[PDB]
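K.L.:
how would this look folded up:
(one chain, ligands or ions: 1)
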Amino acid sequence: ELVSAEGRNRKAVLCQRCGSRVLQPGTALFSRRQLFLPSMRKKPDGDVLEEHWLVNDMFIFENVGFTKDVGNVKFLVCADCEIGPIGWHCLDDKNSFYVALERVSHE
Ligand SMILES: [Zn+2]
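P.N.:
Numbers count the residues shown, from 1 in each chain. Provided below are the atomic coordinates:
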């Protein structure tokens with residue numbers, strides 16, 4: 001109901017806390033890569049997730065925030081309410097941004 005025949009997101013991706021629109025439908029690819037994401041918290045413990053929306057560029061995002069670059073890694077957070085991490089990003093791989101399905105909502 002969420003992944004298309006082409007493997008894209010059939011529905012819009014949004015923040016589960018405030019409803020902020022993170023991604024428009026059909027702009028990301030489903031990915032089963034294992035990534036550890038600290039438990040959801042305010043911007044300033046976790047889970048190894050294996051279901052993500054793979055985004056090619058941060059410009060593709062509708063609304064999204066990034067944490068202070070630490071260890072070549074930046075966590076994605078809701079741009080509006082700032083709760084996260086809803087995603088993950090390794091700076092070495094400029095064109096790979098991941099948004100964990102469990103950490104977001106869909107409409
Ligand atoms: Zn939010």
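
K.L.:
tally of neighbours for the residue lying closest to residue 47 once chain neighbours are set aside?
P.N.:
In space, and not counting its chain neighbours, residue 47 is closest to residue 37: 5.8 Å by CB to CB, 6 or more residues apart in numbering. Quick note: C-beta positions are derived from backbone N, CA and C, even for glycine. Applying other CB atoms under 10 Å, we find 21 residues neighbouring residue 37.

K.L.:
OK, contacts around residue 37?
P.N.:
The contact partners of residue 37, by CB atoms under 8 Å, 6 or more residues apart in numbering, come to 46-49, 75, 85, 87-88, 100, 103.

K.L.:
Now the buried members of these.
P.N.:
For the contacts of residue 37, a burial check counting by 16 or more other CB atoms under 10 Å picks out 49, 75, 85, 87-88, 100, 103.

K.L.:
Now, the residues you listed that are in helices?
P.N.:
Using DSSP state H, no member of the buried ones among the contacts of residue 37 falls in helices.

K.L.:
Can you lay out those residues as TSV showing distance to residue 60?
P.N.:
As requested, the buried ones among the contacts of residue 37 are exported to TSV (distance: CB to CB, whole Å):
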residue	distance to residue 60
49	20
75	18
85	18
87	12
88	16
100	17
103	18
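
K.L.:
so which pair among the residues you listed is furthest apart in space?
P.N.:
Maximum pairwise distance among the buried ones among the contacts of residue 37 (CB to CB): 12.5 Å, between 49 and 75.

K.L.:
residue contacts, the closest residue to residue 15 other than its chain neighbours?
P.N.:
Sequence neighbours aside, residue 78 is the residue nearest to residue 15 in space, at 3.9 Å (criterion: CB to CB, 6+ apart). Residue 78 makes contact with 15, 17-18, 20, 22, 63-65, 84, 86, according to CB under 8 Å, 6+ apart.

K.L.:
Could you check how far residue 78 is from the ion?
P.N.:
Residue 78 sits 3 Å away from the ion, going by CB to the ion, to the nearest Å.

K.L.:
One more: residue 57?
P.N.:
On the measure of CB to the ion, residue 57 and the ion end up 21 Å apart.

K.L.:
for residue 82, same thing?
P.N.:
On the measure of CB to the ion, residue 82 and the ion end up 7 Å apart.
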